[PDB]
Amino acid sequence: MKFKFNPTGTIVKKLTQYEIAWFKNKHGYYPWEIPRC
Numbered sequence: 001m002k003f004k005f006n007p008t009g010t011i012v013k014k015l016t017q018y019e020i021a022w023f024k025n026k027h028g029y030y031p032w033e034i035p036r037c
């Protein structure tokens, strides 16, 4: 699912708030402003 009006829009956004952490430990970013090696 990938809608903006649907109700899942909020949930998917919240559930991700915790998933992003996993990636945050790999780099510590979120947006496209991620560095490189």
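Under PDB author numbering, read the sequence shown as residues 1 to 37, first letter to last.
Here a beta-carbon is modelled for each residue, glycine too, at the ideal position from N, C-alpha and C.
Residue i, DSSP secondary structure in three states
i, result
"residue 33", "coil"
"residue 23", "helix"
"residue 9", "helix"
"residue 14", "helix"
Under 8 Å between C-beta atoms of residue i and residue j
i, j, result
"residue 34", "residue 27", "yes"
"residue 8", "residue 1", "yes"
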